[PDB]
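What follows is one chain in structure tokens, specifically the form deposited in one PDB entry.
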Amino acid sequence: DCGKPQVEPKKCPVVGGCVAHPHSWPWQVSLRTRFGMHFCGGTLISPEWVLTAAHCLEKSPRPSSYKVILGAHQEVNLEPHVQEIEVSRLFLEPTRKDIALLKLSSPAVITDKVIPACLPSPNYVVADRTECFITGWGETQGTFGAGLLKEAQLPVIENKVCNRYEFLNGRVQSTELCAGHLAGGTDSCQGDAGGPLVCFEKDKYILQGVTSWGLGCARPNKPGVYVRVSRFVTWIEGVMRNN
């Protein structure tokens, strides 16, 4: 069962936001160098497949340079039941968009703490003001939580508005979506790239965005930009089916 956490997540009372309830985001992955340094996030979407951002892989096209950590809450002192799986192959999206698939060397073991996220239907458009969640271990910019998995609940901003001069001034593609608090203070940041933007739909969480870029982090009128997963579901499914 994708999208349904065994440990239920909690809202807040990553810059700002709050520390997640441990293991409430069981599809969250830590992308690390073959030396063990965290540098990006990802999302488990099936036992053998992780979705991340293509820019997270710019340094090396060799699958050997990457390892995936699953089931973690601490970033440094990894808990014992954490799964560390090597990457067997890399699939960059073929039209140069900021999304990529990692095929794991072995299927992740599905547990209470490691569960895949669900994928959306093709071309679904998250509606304006939908409150979704972003998660990760990235920079906190003096906001507490460093070293622990953090979350933030952010409203989606429809592309027609996000592209106005007052916000991102024509920079956002239809294959991307915008989310964030326009007053600033809470945002994904460096170290969170490649990680998930999930939305609650009926009874489970659906992966709708991949953390990609922004004009800074948590600045006023500068919401984060995410790859719009629904525009790549058909590609993703074809890669999994044929590999």
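Under this definition, the rigid core comprises the largest set of C-alpha atoms superposing within 1.5 Å between the forms. Counting begins at 1, following the sequence as shown.
Keep in mind that the form deposited in another entry is not shown, yet the notes after this line are about it.
For the residues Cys40, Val198, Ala179, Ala218, superposed on the rigid core between the shown form and the other one, a C-alpha shift of 2 angstroms or more shows up only at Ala218. Core-superposed comparison between the shown form and the other one: the CA of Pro122 stays below a 2 Å shift.
Core-aligned CA deviation for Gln153 between the shown form and the other one: less than 2 Å.
Once the rigid core is overlaid between the shown form and the other one, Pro94 does not reach a Cα shift of 2 Å, moving by less than that. By 3 Å or more, the C-alpha separation between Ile157 and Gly216 shrinks in that other deposited form relative to the form shown here. Relative to what is shown, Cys40 and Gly214 are closer in that other deposited form; their C-alpha atoms differ in spacing by at least 3 Å.
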